[PDB]
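Let us start with two forms of the same protein chain, each given on its own as C-alpha cells and named structure 1 and structure 2.
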Structure 1
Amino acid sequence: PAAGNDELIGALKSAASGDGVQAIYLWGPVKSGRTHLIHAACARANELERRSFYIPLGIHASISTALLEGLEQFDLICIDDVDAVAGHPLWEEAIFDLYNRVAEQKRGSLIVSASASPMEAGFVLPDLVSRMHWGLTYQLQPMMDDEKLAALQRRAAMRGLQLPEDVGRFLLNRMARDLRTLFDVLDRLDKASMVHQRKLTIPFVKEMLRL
C-alpha cells in the first residue's frame, strides 16, 4: 500500500532471495501494508525456488511454541504480528532461539511484522529486542486523511467527475473513512450525478446519501 518506498522494497527483495539481509522488522497500523508485503516476499522467494513459511502468530493460543522447531529448514521464515506474544516469556524465548538458528545457518532469512517498534511493542526479554535491532526495522506509513481526500478526488477525476475539495471532506466526516467504503460511495454519487445531471455539492450529497 502506501509503503512503496525504494529502500524497503530492496531490503525485502534481498531477504526473500537470501542475498541477503538476515532479518527485517515491519511495523505500522492496520491496512499499513504489513501482511501484503510479507506475502510479496514469500512470492519472490518461491520463484527463486527458495521455500518459505508463513505464521500468523495472532493465533498463538491455538498453537504451541514447538511450531518454531525444525522451522529453520526453510529459506525464508515470516511471522505476522510477532508482537502478539509480547509479554509471554516462553514465546519470546522460542522466537529468540529461532532468530539465532536462522542466522546460524546460511541462506536463512527472517521477516516479522508488528504494531509497534521493537522497543514499544512491549517485549519482556531485552535479549530478544536486541537481537531484533541487530537486523533491520522499517516503519510502514499510514495513509493520513489529507492523502485520502486527494486520492478520492483523483479517482473521481479519472471518470470525468470533479469532487469539490469541501464536498470530499464532508464525505470523510460521515463514512467509515476506509477506502472500500469511500471509493464505493464515490461510485454511488457519480451514478447519482449522471442520473440527475447535477454537479456534486454538499446539499446534493446529503440528499443522495440520506444524511
Structure 2
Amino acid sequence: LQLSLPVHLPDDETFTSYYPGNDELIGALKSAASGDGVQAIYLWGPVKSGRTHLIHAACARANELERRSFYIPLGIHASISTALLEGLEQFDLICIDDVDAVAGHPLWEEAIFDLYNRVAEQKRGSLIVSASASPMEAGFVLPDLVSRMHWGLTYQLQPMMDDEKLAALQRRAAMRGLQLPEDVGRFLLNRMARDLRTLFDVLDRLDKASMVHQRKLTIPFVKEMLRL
C-alpha cells in the first residue's frame, strides 16, 4: 500500500519574493515561523492572492532557523485521515493550507479544534491556516473551533491586480539576475493564461535552460524549451 506522497517546498517562494496592504501580515508570519509570534494565524483571500506562497515562505523561514515545519494541503482531505493531525504539536510550525476544504465536516472540525489546543498547550510554536473566506464566513460550524480561529490573528489578503502581473514577472526575473526581454515576458504571461504560478514555474525552467545552453531568452528559444 502507498503510505505517502513526495512533496517539495518551492525555493523561490519567500517573504522577499512575494509581490509587495500586506506588511503587518508578513511580520506576523515571520514571527510565528521564528518562535516569537502568536499561537494561531488565519489567512484568507481569493484564489491566486498568495496564501500558498506565504505558507511556503513561513515554512522556508522556520527551516532556515533550524525549526521544524509540517505542511498539509487540506484540499486533498479525501486521501488523508484526521489521524495525520495527531502528534503534529511536536513541530515548531504547523501549516494547514485550504483548511476550509473541510468546513462543516464534524470529524475534521473536532480534530482541528483539538490540534489548536495541543499547539497552544505545547507553547513551542504556531499553527497557520489558510482559507478563501473569514472564519465566520468560510462555513465552519463547531462554535469552539470558530472561537480559536477568531481569537488568533486573522489577515485578509487583497486580490492581485491583473494589470500588475507583468511588473511582478519582471521583478521576479530581476531578483534571479535573469535577463528577460519585455516582449518575451509579455509573450510568456499571455501564453500561460496570465497565471503567475505557471509563469514562475516556467521562468525557473528557462533560467536553468539559458545557463545550460548559454543562450538568451528569445522567442525561438522559449518555444523550443517549452514545446510551444
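By convention here, residues take numbers in order along the sequence of structure 1, the first being 1. In this text, rigid core is short for the largest set of C-alphas that superpose within 1.5 Å between two forms. Shifts are known only where both forms have a C-alpha.
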Threshold 2 Å Cα movement between the two structures for residue 171, core superposed: yes
Threshold 2 Å Cα movement between the two structures at residue 143, rigid core reference: yes
Angle through which the smaller rigid unit swings between the two structures, given in whole degrees: 55
For residue 202, CA displacement between the two structures after the core is overlaid, in Å: 23.4
Once the two forms are fitted on their core, CA shift of residue 61 between the two structures in Å: 1.1
Moved runs of 3+ residues, each with a C-alpha displacement of 2 angstroms or more between the two structures on the rigid core: 143 to 211
